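One structure coming up, written as structure tokens, with questions to follow.
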Amino acid sequence: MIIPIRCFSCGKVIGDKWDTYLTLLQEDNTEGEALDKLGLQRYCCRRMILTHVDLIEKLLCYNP
Amino acid sequence: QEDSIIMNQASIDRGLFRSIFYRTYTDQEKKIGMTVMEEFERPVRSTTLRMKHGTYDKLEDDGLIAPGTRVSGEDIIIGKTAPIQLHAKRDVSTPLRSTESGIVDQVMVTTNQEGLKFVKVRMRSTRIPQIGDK
Amino acid sequence: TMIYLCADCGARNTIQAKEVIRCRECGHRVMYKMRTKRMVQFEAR
Amino acid sequence: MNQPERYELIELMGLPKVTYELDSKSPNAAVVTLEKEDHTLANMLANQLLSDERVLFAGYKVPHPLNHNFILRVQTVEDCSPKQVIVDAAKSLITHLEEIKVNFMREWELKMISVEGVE
Amino acid sequence: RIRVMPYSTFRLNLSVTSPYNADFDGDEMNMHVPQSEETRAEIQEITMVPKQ
Amino acid sequence: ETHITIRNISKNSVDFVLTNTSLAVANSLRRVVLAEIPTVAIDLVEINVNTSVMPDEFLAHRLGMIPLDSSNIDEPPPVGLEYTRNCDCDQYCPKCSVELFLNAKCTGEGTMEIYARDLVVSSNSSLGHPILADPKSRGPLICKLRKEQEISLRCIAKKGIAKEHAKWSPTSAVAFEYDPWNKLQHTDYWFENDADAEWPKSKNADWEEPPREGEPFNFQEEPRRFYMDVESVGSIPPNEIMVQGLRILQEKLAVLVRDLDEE
């Protein structure tokens, strides 16, 4: 459910860096490589936005 | 060593393999009789018999708990009663295994048929990685 | 007695002990329970 | 459930931070046990403590990665002290630290100017 | 000889793993505490990881 | 003499080079910066109503890691609060812990997206205010909502070091590399077919020797010149961390001396 915020290995904040991420791999014709434009030189955490599942859009639609 | 691993605490602190453990307690309302009632009334230490190490201090006027009350220990969550001065109220209510803890997700009170009341309680209990997990 | 909430509508059913489990301005027969007040002690770890 | 209290990692439970106690065996040599502070302070008074010709031994090692402490043995042999050898060391350190704490606060603003300003 | 660490598993000594033909695949091992001071003696003077 | 030789800087990291110093001190600085460096972070939430999808438990852990401004910190009374553990006041008081608020509701029907922006400090210019790593955004993401799912949270931060929970260290990582060729052979490279041929020279490799000869290799030589590279979270300016690194590292050496010259 939603980006982890703070990568698992370092501290590099990733809560901020997704509302902007998704607006490239599906909205700018840049590669998975495009995240490099977000200051992701380390492995590391950058496999954080990448290996992530958006499990809330598909959970939020159960309205009580 | 020998088929075993050491993990970084910094990570488990930010959420490595953090999991949740919902458990749910089912309970209906049998009625044999004749006409023997057995409501989810809050046990009254004035003519019960018998049940100690409560505490029932965590039950509402409804005899059921309200999410998300920090429940731990052998705390109790529902209350029963079965007829037989000051007589007579029994206690067929279900406690909570001490081995578990944590708060209470939500409870659902419906009707069975049967023909009485029917409650279900679910409590959540975050579980972090600790030495000895697989 | 207390208040209850339906699985669909969610409207306040505020229904009385020992009666019938259902709703009022609608249908279905289940219902959960309002969260207590209740300022609860929560560590951030 | 049996997780030691984390705050009991950064707070001496009425435990004497430092303790200085001779040995036997060895003669003119004592063993220091700093508590709730290790794996940082320790490594310094070594790869630096051994730099004083006055020294003939330099202990240092955490007994168990659960207890947050560590010992330090020093032998010398022969005139003093060795409570004085490690202090002469510590002093040589704090003062060697500023050597860089100052160069830092000096060269920082100095390469802050070349990336525009202004003022 | 017990004592006594924290965290909820039994720490034991690797060189003693061969006799228990069992790795750390999440295995369980039972502990039986003696009571009387007369058995405490048996499993000290005859049966001991050392004398075994 | 010198001691440091910086290269590039930015707003989140500080690349530079140590000079006249020993290995120990290097590492012992790496460590310091990654652990015991006072910071603010939230370490207690009280929930009132929460009918969202993130459980209370799950919010606490998440609301925690979100960085906050710290700046000075070690400079009371104001513009800096001392650990809430050893405080002159009782239980919890604004004199040693900064209060935070979160009253998020729903006025839409599409979808909500509550960021770190919506929180509210108090107005005591501590701070205080979290951060906004994002470019002209509003901060790190907290939770999503649909229909009526208002949550009401009371957050208060304390003071703590990485040691106590990775939540505090305002420091991402560090990137050192003393002896980039292989002077002191502090390492045995695995071949596999030809040594100096499989392993990549490092960007920081172009600042030294000793290729050619066959001297043969030296040994009176100790490791000096360390190519570090500190990166902060964005909680507190990019050193900061370093500066405040030794300030509470000298004072950690002192503790010692004073406990040996008094008696």
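Points worth noting:
A, B, C, D, E and F label the chains in the order they appear, each numbered from 1.
We take it that a contact is a pair of C-beta atoms (placed from the backbone, for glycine too) under 8 Å apart; a residue touches a chain by one contact, two chains touch by 3 or more.
Protein names from UniProt, one per chain: A = DNA-directed RNA polymerases I, II, and III subunit RPABC5; C = DNA-directed RNA polymerases I, II, and III subunit RPABC4; D = DNA-directed RNA polymerase II subunit RPB11; F = DNA-directed RNA polymerase II subunit RPB3.
Centrality annotation: F (chain centre taken as mean Cα position, compared with the mean over all protein Cα atoms). By number of C-beta pairs in contact, A-F leads when A-F and D-E are compared. Remark: chain B and chain C have CA centroids separated by 18 Å (rounded to whole angstrom). Put simply, the C-alpha centre of chain A and that of chain D have 41 angstrom between them. Centre to centre, using the average C-alpha position, chain E and chain F are separated by 43 Å. Distance between chain B and chain E, defined via averaged C-alpha coordinates, is recorded as 37 Å.
Among the residues of chain C, those touching two or more other chains are numbered 35, 38, 40-41, 45.
Shared interface positions of chain A, i.e. residues touching 2 or more other chains, are given as 6, 9, 64.
Looking at chain F, residues 47, 51, 56-58, 61, 65, 165-167 sit in touch with two or more other chains. The residues of chain B lying in touch with chain A in their complex are 8, 10-11, 14-16.
Of all residues in chain F, those touching chain D in their complex are 1-6, 9, 18, 20-25, 27-28, 31-32, 35-36, 85, 161, 163-165, 239, 242-243, 246-247, 249-250, 252-257, 259-261. Within the complex formed with chain F, the residues of chain A that make contact are 1-3, 5-6, 9-20, 39, 42, 56-57, 59-61, 63-64.
Contacts from chain F toward chain B in the complex involve residues 47, 55-58, 61, 65, 162, 165-167. Contacts from chain B toward chain F in the complex involve residues 9-11, 13-15, 18, 20, 68, 102-103, 105, 124, 126.
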